[PDB]
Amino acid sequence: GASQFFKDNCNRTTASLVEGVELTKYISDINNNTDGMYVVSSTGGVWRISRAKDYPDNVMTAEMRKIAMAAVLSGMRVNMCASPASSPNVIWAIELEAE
């Protein structure tokens, strides 16, 4: 399960906690209006990975991408803190877990 630190952090926001997600697809799209980076879960849920041009969020968003790839390749689960304001929901934090 999600670390208590990860849960506490997500609980201070308007975003929602999703635990123990198996990501089975990773999408890169440059088409008009659908452009972005996405992940799809084993049950068909879809989330947008945040992007940012400048420091310091350019670092965190790059690491969210690496976490997504690593999850898809390995079958390791993730915990997400995702805003329900938009569709697909935007990932504001993510936790890769080995166990």
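Heads up: residue numbers just count along the shown sequence, starting at 1. For clarity, a rigid core is taken as the largest C-alpha set superposing within 1.5 Å between two forms.
Colleague: After a core fit, does 15-23 or 80-88 show the bigger CA gap to the shown form in 4 other deposited structures of this protein?
Modeller: The answer is 80-88, which departs more from the shown form in 4 other deposited structures of this protein.
Colleague: Select between 65-73 and 52-60 the stretch whose C-alpha atoms have the higher average B-factor in the entry.
Modeller: For C-alpha atoms only, the mean B-factor is higher in 52-60.
Colleague: Quick check: 87-95 versus 10-18, which has the larger average CA B-factor in the record?
Modeller: The deposited B-factors put 10-18 ahead on the C-alpha mean.
Colleague: Splitting the chain's C-alpha B-factors into thirds, which one does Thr34 fall into?
Modeller: It belongs to the middle third of the chain when residues are ordered by C-alpha B-factor.
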